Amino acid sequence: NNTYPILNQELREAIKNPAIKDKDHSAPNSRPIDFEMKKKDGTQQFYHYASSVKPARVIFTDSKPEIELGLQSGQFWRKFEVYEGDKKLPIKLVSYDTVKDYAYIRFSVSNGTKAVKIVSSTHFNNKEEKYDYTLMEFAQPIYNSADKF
């Protein structure tokens, strides 16, 4: 087990945690991984691409490949859940850039994963603004270590 706050709570609320205020989230034993953010009909999901740090990041551990995602406008993100097939992943919150308003999340993903699904929302107009389905497609299949083209 790790000591990081698992997200079972609005991202708007977990950023308020002092334990991960501006915490170093470095991982030099990692790499860039480009990505696309999509709707159910294969189109782009425009808010999600616009408001997420490119490149995302694969960290290599002694077990299973971990994926970091910066998400911009952190205090305006509400629901943030990540799913592999129909199996919900536990999302760990690692840092909150208070100057930039950037939340850095991390989810362990299965060996060979090409793309991952995202149920999310935002805080606009004193209302929850929903996004049922947001597929996060990755530029290539995700693996253990650097043994991929």
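Throughout, we count residues from 1 along the sequence that is shown.
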Output the stretch having the higher mean C-alpha B factor in the entry; the candidates are 120 to 128 and 87 to 95. 87 to 95
Comparing 106 to 114 with 41 to 49, which has the greater mean CA B-factor as deposited? 106 to 114
Just say lowest, middle or highest third for the CA B-factor of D62 relative to the other modelled residues in its chain. highest
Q9 CA temperature factor, ranked by third within the chain: lowest
Would the CA B-factor of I15 place it in the lowest, middle or highest third of its chain? lowest
Among the modelled residues of its chain, does the C-alpha B-factor of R31 lie in the lowest, middle or highest third? highest
